[PDB]
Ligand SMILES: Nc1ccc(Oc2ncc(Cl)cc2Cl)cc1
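The chain below stands alone and is given as structure tokens, in the form deposited without the named molecule.
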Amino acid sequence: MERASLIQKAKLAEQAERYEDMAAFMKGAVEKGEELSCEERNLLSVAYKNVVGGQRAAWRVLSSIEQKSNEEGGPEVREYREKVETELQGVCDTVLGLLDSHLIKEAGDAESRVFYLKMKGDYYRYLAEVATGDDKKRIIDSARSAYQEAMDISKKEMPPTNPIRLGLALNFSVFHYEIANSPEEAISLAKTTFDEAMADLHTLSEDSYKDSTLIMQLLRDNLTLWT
């Protein structure tokens, strides 16, 4: 129906904590083919991240049990893990479909482009977490490509403390460590990102500082974990 009605319903869904509905409303809004505002981008991202987040958490619980049994001591665990996986792949595919059909090519500015390319890398990363065989290889390649393009734009267009730039770098470092099994690249990126941002914090207002250091603390937390 009308785009404005879909946005209204997405915001109602959000207040109601109805994230599947929220995502479906935002999908309909994207499909109108107009750009999304900052607010609207965030509605889309929050909705789908809540949906995939539930599936990822469930998949991890089930995969852990499944792995713990395929050592020593029915098909139920496997079967249910497979069901949740298929669901997760469907949601990731839907998001990537929106990004490739509409959002990336229609974005009118640098910030939007980085936002959507990062999302592209993230949803490939979530696919990579559950993938095997040839699927996993092609997914990993796709994630790296998306993240790297986003990184190139962000380095040209955004200051080092910019929260979008910081969050992209954080997630790409997670990719390197968890997905690509490149711990050295992970640490290198996280440390460089942190150091180049620390350099500029003394120039920031209270609110800017809070937004930047939220992400910077996560880079730090990962560095502790990874060393």
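By rigid core we mean the largest C-alpha set that fits within 1.5 Å across both forms. Counting begins at 1, following the sequence as shown.
The following text describes the form deposited with the named molecule bound, which does not appear among the structures shown.
Contact annotation for residue 220: at least one heavy atom lies within 4.5 Å of the named molecule in the deposited bound form.
Proximity of residue 65 to the named molecule in the deposited bound form falls outside the 4.5 Å heavy atom cutoff. None of the heavy atoms of residue 177 is located within 4.5 Å of the named molecule in the deposited bound form. Contact between residue 224 and the named molecule in the deposited bound form is found at the 4.5 Å heavy atom cutoff. Scanning 156-191 for heavy atoms within 4.5 Å of the named molecule in the deposited bound form gives 187, 191 in sequence order. If you fit the rigid core between this form and the one not shown, you'll see the Cα of residue 204 move by 2 angstroms or more.
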